[PDB]
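The form deposited in one PDB entry is given below as one chain in structure tokens.
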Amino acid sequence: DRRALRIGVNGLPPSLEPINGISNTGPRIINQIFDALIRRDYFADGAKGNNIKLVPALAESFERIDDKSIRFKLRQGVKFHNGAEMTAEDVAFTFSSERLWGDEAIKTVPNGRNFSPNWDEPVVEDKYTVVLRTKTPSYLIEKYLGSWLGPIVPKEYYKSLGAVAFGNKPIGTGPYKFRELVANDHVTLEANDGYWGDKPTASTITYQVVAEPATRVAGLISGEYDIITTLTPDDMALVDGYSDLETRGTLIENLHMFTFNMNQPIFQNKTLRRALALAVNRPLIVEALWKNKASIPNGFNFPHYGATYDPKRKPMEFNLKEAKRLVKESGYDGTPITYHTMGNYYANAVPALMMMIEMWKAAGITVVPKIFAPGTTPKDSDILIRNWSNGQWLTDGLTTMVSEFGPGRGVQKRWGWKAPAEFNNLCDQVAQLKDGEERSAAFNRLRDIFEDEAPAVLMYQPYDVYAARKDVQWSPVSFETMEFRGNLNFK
């Protein structure tokens, strides 16, 4: 009989429905209940959990048929946890206007269109064949289907409950099936021994909420948990001291930044935005708070972007001489500028802010913290500077320079960034182009416009730390999720 796995977690997601559950805490549970048509093989070819190789999963085979359509041949006889057979009807429903991207659908799945390409209606050609397609050119359909957008839901069962009720009683095809949810306390899953893939190695997996990281460290020391989540490099020394325990860390595909409400007169133009960007000494922050474990990216550029990653890109400029020149050029009069942060919701948010307040003071700018309480929502008119984070969810450069800072999106529409026409033309174009010299050059150029305009200032790629018993073999992956397929063995 297999061991029961117990994971001490920072929290539980608001839903277990694949899109509504998208969060720092959802994917780790959702990845076990559901399968996608394509799976990202993080450990392929000896990689330490960071490979972007996409391999077929519920799709037995696929063939791209033109610049915007892919014919998928599905695995036959695969069952959902309730006994329903997985067919083209279910895959077409998953990426349909009715469930995901239509006007009525986004009323219950609010990010269904935001995390999707320009989908056209799926076409069911036979019981196990479906064409997934876009209205305009798209060579990213494969990447979107291998992302957190991809999980396949059962048509009849999902339709009879709806997105919110499905999220509290989810049915998928994955290696573990939903047993129970006690809101903000635990989610228990039980082994799906009818799983089309490899036999699950745990009898059950419990995701138990433990708000305090110190209480989680004690839970691992005592024997309440096998694996614990959401630690920082400072907690590594206490855990490693125990010979039967060890820390397991990795860089995650997320980016910490600060952004500006550009409707405010002081941030309507790029001048003072650039001054605050050039005054930030990023290695001094990563040395003092992240134990040099965080990585400072060279532009809005990451190795998981694949063919749109530029390793020869120069790092982001730190120049206090230029920063002081821009402060005076902007007409900045010395009024304190607020920096909103909901405490340390993002790791090291307040200590990073306090370090930057000194670096901005050196440049001639007074920035004060506006530490808002959990449960509060500051009104947009009261925001000058605010911290933010963007999960780089696709294995492509589109997420999040285009998906967040592009045309019609919130940074330009809600926060007022007047982006140059070239940025919006290249954003619309790179969504359509296939990987080549033209696509890679357009991203390198978009990155340059991003730095000149400074609608956000990138700080660093965070370092996520897990801790686990040495008798549980599991390696983390470079994304905010947990993968147990070919990566969960008990000693």
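Note that residue numbering follows the sequence shown and begins at 1. Basically, rigid core = biggest C-alpha set you can superpose within 1.5 Å across the two forms.
There is also a form deposited in another entry; it is not shown, and the following applies to it.
*Asks:* After fitting the rigid core, is the C-alpha of residue 261 off by 2 Å or more between this form and the one not shown?
*Replies:* Shift of 2 Å or more: yes.
*Asks:* Once the core is aligned, does residue 450 move its Cα by at least 2 Å between this form and the one not shown?
*Replies:* Yes, the C-alpha moves 2 Å or more.
*Asks:* Having a change of 3 Å or more in the C-alpha distance between residue 312 and residue 45, I'd like to know whether it is closer or farther in that other deposited form than in the form here.
*Replies:* Farther, not closer.
*Asks:* With a change of at least 3 Å, which way does the C-alpha separation between residue 410 and residue 25 go in that other deposited form: closer or farther?
*Replies:* Closer: residue 410 and residue 25 approach by 3 Å or more in that other deposited form.
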